Amino acid sequence: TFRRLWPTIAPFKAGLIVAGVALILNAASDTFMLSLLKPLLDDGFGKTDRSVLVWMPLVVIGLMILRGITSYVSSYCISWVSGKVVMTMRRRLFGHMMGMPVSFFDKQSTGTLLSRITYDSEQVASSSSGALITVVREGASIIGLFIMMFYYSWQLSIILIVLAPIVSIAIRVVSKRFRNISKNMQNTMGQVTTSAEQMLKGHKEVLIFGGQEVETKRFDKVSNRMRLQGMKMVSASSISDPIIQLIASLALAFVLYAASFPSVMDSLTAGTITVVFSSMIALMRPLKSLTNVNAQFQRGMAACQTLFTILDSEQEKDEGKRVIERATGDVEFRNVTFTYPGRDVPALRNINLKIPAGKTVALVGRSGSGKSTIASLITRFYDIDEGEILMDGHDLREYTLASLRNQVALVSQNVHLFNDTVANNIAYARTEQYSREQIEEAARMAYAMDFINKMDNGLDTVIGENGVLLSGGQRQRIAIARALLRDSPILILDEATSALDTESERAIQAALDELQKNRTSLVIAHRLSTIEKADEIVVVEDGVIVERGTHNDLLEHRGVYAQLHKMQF
Amino acid sequence: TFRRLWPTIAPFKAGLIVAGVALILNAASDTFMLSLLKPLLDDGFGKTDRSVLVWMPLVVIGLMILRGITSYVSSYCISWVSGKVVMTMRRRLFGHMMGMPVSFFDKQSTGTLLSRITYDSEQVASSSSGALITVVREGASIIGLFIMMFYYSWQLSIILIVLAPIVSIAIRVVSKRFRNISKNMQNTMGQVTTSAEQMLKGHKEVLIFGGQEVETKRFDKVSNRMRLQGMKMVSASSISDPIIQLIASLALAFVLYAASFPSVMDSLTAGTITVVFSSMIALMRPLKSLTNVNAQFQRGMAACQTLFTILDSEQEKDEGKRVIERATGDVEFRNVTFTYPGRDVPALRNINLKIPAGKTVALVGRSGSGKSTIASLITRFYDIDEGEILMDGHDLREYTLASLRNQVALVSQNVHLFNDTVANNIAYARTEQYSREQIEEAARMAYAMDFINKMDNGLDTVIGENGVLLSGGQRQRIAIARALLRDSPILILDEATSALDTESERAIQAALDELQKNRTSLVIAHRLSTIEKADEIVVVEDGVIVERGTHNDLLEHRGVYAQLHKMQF
Amino acid sequence: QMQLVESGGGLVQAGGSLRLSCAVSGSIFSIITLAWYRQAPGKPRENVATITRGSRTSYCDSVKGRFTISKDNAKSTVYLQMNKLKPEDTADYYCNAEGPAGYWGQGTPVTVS
Amino acid sequence: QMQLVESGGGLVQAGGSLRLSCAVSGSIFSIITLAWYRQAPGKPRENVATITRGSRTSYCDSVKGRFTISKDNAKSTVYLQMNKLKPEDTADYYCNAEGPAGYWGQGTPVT
Ligand SMILES: CCCCCCCCCCC[C@@H](O)CC(=O)O[C@@H]1[C@H](O)[C@@H](CO[C@@H]2O[C@H](CO[C@]3(C(=O)O)C[C@@H](O[C@@H]4O[C@H]([C@@H](O)CO)[C@@H](O)[C@H](O[C@H]5O[C@H]([C@@H](O)CO)[C@@H](O)[C@H](O)[C@@H]5O)[C@@H]4O)[C@@H](O)[C@@H]([C@H](O)CO)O3)[C@@H](OP(=O)(O)O)[C@H](OC(=O)C[C@@H](CCCCCCCCCCC)OC(=O)CCCCCCCC)[C@H]2NC(=O)C[C@@H](CCCCCCCCCCC)OC(=O)CCCCCCC)O[C@H](OP(=O)(O)O)[C@H]1NC(=O)C[C@H](O)CCCCCC
Ligand SMILES: *[C@@H]1CC(=O)N(CC/N=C2/CN3CCN4CCN(CCN(CC3)CC(=O)OO2)CC(=O)OOC(=O)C4)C1=O
Ligand SMILES: *[C@H]1CC(=O)N(CC/N=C2/CN3CCN4CCN(CCN(CC3)CC(=O)OO2)CC(=O)OOC(=O)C4)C1=O
Ligand SMILES: [Gd]
Ligand SMILES: [Gd]
């Protein structure tokens, strides 16, 4: 249980335990100061001018030095462990979403992953560290004060030890009331924020009907309501303290009277009552903060389970065993049907594509429907719903992704560039295999040395985000440089360059010339040249391979291609 | 200067004055509490009689009652002027948000509008509230503490009254340094947080190249840098308190020494010295809060200036004077040319579109470019760049917008529904002018009562959000029902539906057959029926009036609509 | 497996009219292209009739106001109606689905007397 | 307000070829649909040829395969070339821009 929570911080006994030993001292020094306040009253100022008046002036600075130094040491060497657990938990959490199926990035949570990891980890250990130092130095204070209080009186503190549970329960019940009251305000804020957001969405539809005034009326009645809820918040919250303060004050008054009812008093040295009173009122910062440490254990476990909901979600399927050395085969579709996880209308109906090795197929459907996603099936991102995407005589699900995704080369213009050197991008995830001697001529064969030399260093310019920002058309040229270096057997263009750029196009159409010399290639064609020089053009009218065939036999057969050739005449 | 802004808060003098005068007391309570300590020590346990201090417990309970009571009194009536100022500023800001040109809603800040009204106003209100409590409670604490220090001592108080401002200067100097250190750390956080985002941005480009192995290392580097930045934060943060309190303690040591160096002092009883030490070991909360309050004045003023900048933006133009009653006329365009603020390529070239009286013109467009914005000039959402949109012989710039937008009824698929009574939405912004006997006939006339009487409350039903979720196709039915009751002479059906409701959309078409027996209508078309009965068809191809005629005189002229009639045949 | 079956007539008079049918199975029949070629004893294939997703008609330059393509959405069946026959049109007519690299029925030759 | 001016021929022998031209000035010549219509002395107007933004040309029927039309990219002028003339083609020819309910030129009768 708690015994088995030990190994997660196994290499961190050193700093944490040093923090603990320098964190109990921070309470012991607080105790020693009041202990020294005891003699300064009676013996110090009774019948003497020194021996207290000379000790104390420098011993007080000594103890505050020993208090400041221990505060620094505790904070810093507890923050070291806090940060070195945040870093390792966040590192594992990130390493468990590079192996997450691509459905996870369906825009539902694409932007919220960074926020998730950073906020969750910055919250899980801030709460745990705060609770740890709020259960030791807020917990050593109590023991130290009670020791120093029993040593100075035998009975005056018995009433305090009997009384303290009253103060504790009062503080806890008042805080629990406040927390319980604070529950429904999430619902109230939702109710009012929804109205406010719905209110100014239809700006066009408010102007056009001439209803500005009857709109400010509704907003003034919403702002009135939301201000009333705010005042309810403050009135509920602000009376958390002034009642537990009254309770502890009743405690103090009971003690003060009890110190004088029977003849038991008069054994109180003139300064003993001073240090007893001071040690009692100083005991309000611990005793009050100690009850409300469960409020941080609960938050810590809440955040821990929150991340555990994610650190163990669904994992991209790996259930294959075979391997590839080279996919010199004819990729076969068959009766494949596929509908996005989270969608109802089938994106792809029956299919019979038979891309043969060494040749190309041009996916050109005007509807812009279904062609973009016959590139996310052959590479096993979103798996098929029914059918078999045969590759080199075998299925995809019989093949380990490690080499399947290494075969295909997903050329496009949207190829995200890593923030590293350009000649690191060209051989990315393979920097050891390719020596820059290869990379130079590889940039050549994909037409890249030309816009690379004009850079400041050479094939060396950090190029990614916050880098140099290569041109949209030069990003296609560098995507070819990558795909040409890798020497892939199956190529997947994407021709995202609907808006063509001249001159760059010459070197682009020239580069794509070398890439598609062999290397069977599913090209999502949109440019007259690729379609014209393709080998089996294939259209997809929003659900299905409608009209398929070679070009010159296809223009004669109108169907849907001629009517789509005219639109792009 | 400062006096000038008091009339802005003049109506709240009662609340703010009660706040001040019940705030002073909460400080006076502690001062008189320490004053109560002097008899308890000097006479209660100095003198033999036990009745000397039986006066204490009642008076300490009474003073803690009077501290809690004024705590609650001055928190609340400073959270009621905190509310009746944030409310009025939010309301005065949203009443200058429904008058900005539609271009201001160009999606650059659509979500922010609720925040601008709330988060910044909450910021200014909370900052000013907190600042006022801590320059008056603390300010009069200090005055009270030093008044009760003087009445009990002379030399100690004089030594303290000089060496404390040195602690104050120390407090600020340790702070200003912390702020200067923390200034650039926001930039550091931005720089470090950018990179994680980039890597999870291109997850596809990681899988498709087999490069998990060279992303674990990169996030290892980034996580190490982030952790080290956090540790630098903590290390620089935790030298504020353990240093200012060291300065304060050294000052206290000087107090004790130079308060007991000669025999001139030590006239102090055992009580006056405890009172001096008590007041000062107490004085640390005020002398620090009152000194760091300037961290809020400039911050609250910054938020206030943010609100005054967002308020002082550009009002929608209103440079018109004419008032129209019911304009039946040959509205026209002439050489219009128009580009959205924030873009380069114009959307509209020289246009001679001409809506005739009675007749209706239909807009059809293959690529969906340039149609919709002809409905955002005929109602003056965007002022035209070069041209003159005639309307009975005047530019639309010269009509009072509230009297021009009072002529155009904009039916649509995506009409807005205010969360109110159906009897309102069918007579929105005019429920005073129109009685329910008009709605009774109108909602029938658009064939929509069949969709209303089925509901729980009929025309009392809440129809928007938190309401009955009226179906999209029937929101168009309600848009007709509304535009019937207004019975405006210029109609702008968007007919961008594409969605089909069997027999129901047929009843919607029958309704439109009643909507446009009159009412010169510029209907942007995607349906066969509207074009078939259209009186003058005007087709735009992405920038300009390309072809324009009538269906029976067009389809023989092969043009561009006929070769689009084939595509939606 | 998608397939098609074609039915047609035989020897008929010149200048007459006929209707030739073709039923398709294993098909998403409403959206695929559908077509009818003709193959002469000496000449190779060349499309004459074509019907489409939206149901549209196209023919050879010679075939204009001469042939009629139609389909029954429910029956999974298409038809070519031939009017004003000519002796030069004696050939073998081929049903076809889903483009020239699609599918090819048996085809039924028709002789013009 | 634009204007378009026609240039053509007169009377020629049947079976020949001719060329008519129409220069359209005062608008965006690249995109606007240009066209050529003809009208008999007795019969009303009718369409002959059409040319579009991407120069997708289209023609009537009785003169299909016999006529041609094109337009210069910047000269702002549309050429309609006529081949294998017939006696029935004696009629008044007009050019047109922006559909059949817009601008028209003076045109010219041709025999
Ligand atoms: C030669 C020989 C000499 C011998 C030497 C002996 C000396 C000993 C020295 C060490 C003693 C140590 O043992 C004690 C100590 O030092 O601990 C402090 C304390 O724990 C801490 C919190 O402050 C307390 O709590 C409240 C405010 O706290 C918060 C907040 O919640 O608002 C939290 C936090 O904000 C937080 O920050 C977080 C983070 O930043 C932290 O990084 C944030 O996460 C959050 O912040 C944001 O977010 C929020 C929310 O948004 C959420 O998100 C907001 O709410 C927020 O506002 C904020 O915006 C969070 O809230 C924090 O940062 C702070 C922030 O600054 C502002 O926001 O605000 C205040 O009460 P209120 O009125 O406000 O409710 C308290 O003030 C009070 O008047 C106490 C009051 C309480 C009422 C109880 C009354 C009695 C009940 C009996 C109980 C019995 C039950 C059984 O009794 C009285 O007065 C009555 C007078 C006496 C009556 C009796 C007389 C007749 C008999 C205040 N209490 C005290 O000061 C106690 C003080 C006593 C002072 C009272 C009088 C002094 C002498 C009395 C004479 C009587 C003798 C018989 O100590 C003693 O007993 C001294 C012993 C006496 C010896 C002298 C005799 C010779 O402060 C400091 O902290 P440090 O340790 O870091 O320095 C700590 N240090 C100091 O103050 C001083 C420092 O020693 C310098 C000393 C050098 C002096 C040189 C000249
Ligand atoms: C191109 C070649 C040619 O000579 N055209 C017209 C041929 N003459 C037609 C006589 N038409 C008279 C009434 N037309 C208006 C209705 N048209 C449909 C009925 N038409 C037969 C009676 C059949 C035709 O399309 O063209 O017939 C629609 C039409 O505009 O076509 O012109 C016409 O003469 C007037 C060509 O079109
Ligand atoms: C429609 C129905 C029919 O019988 N056609 C044939 C008319 N004679 C044509 C001669 N053609 C010879 C070379 N053809 C192969 C290439 N063809 C493109 C060039 N064709 C002119 C020369 C244009 C034609 O469509 O038809 O040509 C493609 C072709 O259609 O092949 O037919 C052919 O005779 C061989 C029809 O056109
Ligand atoms: Gd041919
Ligand atoms: Gd006709």
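Cβ coordinates were reconstructed from backbone atoms using ideal geometry, including for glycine residues, and neighbour counts include every protein chain displayed. All of this is worked out from the model, or read from it or from the source named; no laboratory instrument gave them.
Yes/no per residue for (1) within 16 Å of ligand 2 (Cβ to nearest atom); (2) closer than 29 Å to A:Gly387 by Cβ; (3) outside any strand (DSSP E or B):
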{"residue": "C:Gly10", "(1), (2), (3)": "no, no, yes"}
{"residue": "C:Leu20", "(1), (2), (3)": "no, no, no"}
{"residue": "C:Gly65", "(1), (2), (3)": "yes, no, yes"}
{"residue": "C:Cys95", "(1), (2), (3)": "no, yes, no"}
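Could you check how many residues of segment C:67-93 are part of a strand (DSSP E or B), out of contact with any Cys (no Cβ under 8 Å at 6 or more places or on another chain) and among the hydroxyl-bearing types (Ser, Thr, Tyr)?
Final tally of qualifying residues: 3.
Can you find a residue that is more than 16 Å from ligand 3 (Cβ to nearest atom), on the phi < 0 side of the Ramachandran plot and part of a loop (DSSP other than H, G, I, E, B) anywhere in segment B:501-509?
Going residue by residue through segment B:501-509, those that are more than 16 Å from ligand 3 (Cβ to nearest atom) are B:501-509.
Subset that is on the phi < 0 side of the Ramachandran plot: B:501-502, B:504-509.
Keeping just the survivors that are part of a loop (DSSP other than H, G, I, E, B) gives B:501-502.
Among the residues of segment B:501-509, at least one is more than 16 Å from ligand 3 (Cβ to nearest atom), on the phi < 0 side of the Ramachandran plot and part of a loop (DSSP other than H, G, I, E, B), which makes the answer yes.
Please return the ranges of helices (runs of 4 or more DSSP H) entirely within segment A:252-317 where 2 or more residues are within 14 Å of chain B (Cβ to nearest Cβ) and either polar (S, T, N, Q) or within 16 Å of ligand 3 (Cβ to nearest atom) (or both).
Filter on segment A:252-317 gives A:272-282.
Please go through segment D:34-45 and pick out each residue that is away from ligand 2 (no atom under 13 Å from the Cβ) and either in contact with an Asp or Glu (Cβ under 6 Å, 6 or more places away or on another chain) or within 14 Å of chain B (Cβ to nearest Cβ) (or both).
D:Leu34, D:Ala35 - these are the residues of segment D:34-45 that are away from ligand 2 (no atom under 13 Å from the Cβ) and either in contact with an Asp or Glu (Cβ under 6 Å, 6 or more places away or on another chain) or within 14 Å of chain B (Cβ to nearest Cβ) (or both).
Would you be able to say whether some residue in segment A:387-402 is in a loop (DSSP other than H, G, I, E, B), touching a helix residue (DSSP H, G or I) at 6+ places or on another chain (Cβ under 6 Å) and among the polar types (S, T, N, Q)?
No, segment A:387-402 has no match at all.
Any idea how many residues of segment A:53-96 are touching a residue at least 60 places away in the same chain (Cβ under 8 Å) and under 16 Å from the mean Cα position of the chain (by Cα)? Outline the logic, then answer.
Pass one, segment A:53-96, residues touching a residue at least 60 places away in the same chain (Cβ under 8 Å): A:74, A:77-78, A:80-81, A:84-85, A:89, A:92-93, A:96.
Going one step further and asking which of them are under 16 Å from the mean Cα position of the chain (by Cα), we end up with A:85, A:89, A:92-93, A:96.
Of the residues in segment A:53-96, 5 are touching a residue at least 60 places away in the same chain (Cβ under 8 Å) and under 16 Å from the mean Cα position of the chain (by Cα).
Conditions first: (1) within 14 Å of another protein chain (Cβ to nearest Cβ); (2) touching a residue at least 40 places away in the same chain (Cβ under 8 Å). D:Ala23 passes all but one, so which condition is the exception?
For D:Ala23, the exception is condition (1).
Assess whether A:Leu93 counts as being more than 9 Å from chain B (Cβ to nearest Cβ) and touching an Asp or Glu at 6+ places or on another chain (Cβ under 8 Å).
Yes: the conditions hold for A:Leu93.
Mind listing whichever residues of segment B:184-218 are among the polar types (S, T, N, Q) and not in a helix (DSSP H, G or I)?
Of everything in segment B:184-218, those that are among the polar types (S, T, N, Q) and not in a helix (DSSP H, G or I) turn out to be B:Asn184, B:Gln212.
For segment C:15-46, which residues satisfy the criterion of being polar (S, T, N, Q) and either touching a helix residue (DSSP H, G or I) at 6+ places or on another chain (Cβ under 9 Å) or away from ligand 3 (no atom under 16 Å from the Cβ) (or both)?
Across segment C:15-46, the qualifying residues are C:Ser17, C:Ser21, C:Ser25, C:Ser27, C:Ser30, C:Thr33.
For (1) surrounded by fewer than 17 Cβ atoms within 10 Å (Cβ to Cβ); (2) under 14 Å from the mean Cα position of the chain (by Cα); (3) within 14 Å of chain B (Cβ to nearest Cβ), each residue gets a yes or a no:
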{"position": "D:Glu6", "(1), (2), (3)": "no, yes, no"}
{"position": "D:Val12", "(1), (2), (3)": "yes, no, no"}
{"position": "D:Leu18", "(1), (2), (3)": "yes, yes, no"}
{"position": "D:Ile32", "(1), (2), (3)": "no, no, yes"}
{"position": "D:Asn47", "(1), (2), (3)": "no, yes, yes"}
{"position": "D:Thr50", "(1), (2), (3)": "no, yes, yes"}
{"position": "D:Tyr59", "(1), (2), (3)": "no, yes, yes"}
{"position": "D:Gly65", "(1), (2), (3)": "yes, no, no"}
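Residue under question is A:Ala236, and the condition is that it be assigned by CATH to the domain that holds A:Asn184, crowded, with 18+ Cβ neighbours inside 10 Å and touching a residue at least 12 places away in the same chain (Cβ under 8 Å); does it hold?
Criteria not met by A:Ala236.
Identify all residues within segment B:312-334 that are surrounded by fewer than 14 Cβ atoms within 10 Å (Cβ to Cβ) and without any contact (Cβ under 8 Å) to a residue 60 or more places away in the chain; write none if there are none.
Selection gives B:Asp312, B:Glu325.
Is it the case that segment A:78-85 has a residue that's more than 16 Å from ligand 2 (Cβ to nearest atom) and more than 29 Å from B:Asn224 (Cβ to Cβ)?
No, segment A:78-85 contains no residue that is more than 16 Å from ligand 2 (Cβ to nearest atom) and more than 29 Å from B:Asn224 (Cβ to Cβ).
With the condition kept exactly as written, say whether any residue in segment B:188-197 is more than 30 Å from B:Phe146 (Cβ to Cβ) and more than 13 Å from chain A (Cβ to nearest Cβ).
For segment B:188-197, residues more than 30 Å from B:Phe146 (Cβ to Cβ) and more than 13 Å from chain A (Cβ to nearest Cβ): present.
In segment B:105-128, which residues are surrounded by fewer than 16 Cβ atoms within 10 Å (Cβ to Cβ), more than 8 Å from the chain's Cα centre (by Cα) and not basic (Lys, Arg)?
Hits for segment B:105-128 are B:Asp106, B:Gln108, B:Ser109, B:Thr110, B:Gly111.
Take B:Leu63 and tell me if it is more than 7 Å from chain A (Cβ to nearest Cβ), surrounded by fewer than 16 Cβ atoms within 10 Å (Cβ to Cβ) and within 14 Å of ligand 1 (Cβ to nearest atom).
Details: more than 7 Å from chain A (Cβ to nearest Cβ): yes; surrounded by fewer than 16 Cβ atoms within 10 Å (Cβ to Cβ): no; within 14 Å of ligand 1 (Cβ to nearest atom): yes.
When the stated conditions are applied, B:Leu63 does not pass them.
Please go through segment A:528-549 and pick out each residue that is within 7 Å of chain C (Cβ to nearest Cβ) and either under 47 Å from the mean Cα position of the chain (by Cα) or in a loop (DSSP other than H, G, I, E, B) (or both).
So in segment A:528-549, the residues within 7 Å of chain C (Cβ to nearest Cβ) come out as A:536, A:541, A:543-549.
Matches in segment A:528-549: A:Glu536, A:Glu541, A:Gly543, A:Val544, A:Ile545, A:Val546, A:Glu547, A:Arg548.
Give the residues of segment B:225-244 that are of a type in the set (S, T, N, Q), within 19 Å of A:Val81 (Cβ to Cβ) and more than 7 Å from chain A (Cβ to nearest Cβ), sorted by residue number.
B:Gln229, B:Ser237
Scan segment C:78-108 residue by residue and report those that are more than 14 Å from chain A (Cβ to nearest Cβ), in contact (Cβ under 8 Å) with a residue 60 or more places away in the chain and among the small types (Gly, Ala, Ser).
The answer is C:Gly105, C:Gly107.
What about A:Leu41, is it touching a residue at least 12 places away in the same chain (Cβ under 8 Å) and within 9 Å of chain B (Cβ to nearest Cβ)?
Against the criterion (touching a residue at least 12 places away in the same chain (Cβ under 8 Å) and within 9 Å of chain B (Cβ to nearest Cβ)), A:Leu41 qualifies.
Filter segment C:47-63 down to the residues that are within 12 Å of ligand 3 (Cβ to nearest atom) and part of a strand (DSSP E or B), then identify the one that is nearest to C:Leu34 (Cα to Cα).
Ranking the qualifying residues of segment C:47-63, first place goes to C:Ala49.
Just one of the numbered conditions (1) of a type outside the set (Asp, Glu); (2) assigned to a loop (DSSP other than H, G, I, E, B); (3) under 29 Å from B:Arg527 (Cα atoms) is not true of B:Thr373; which one?
(2)
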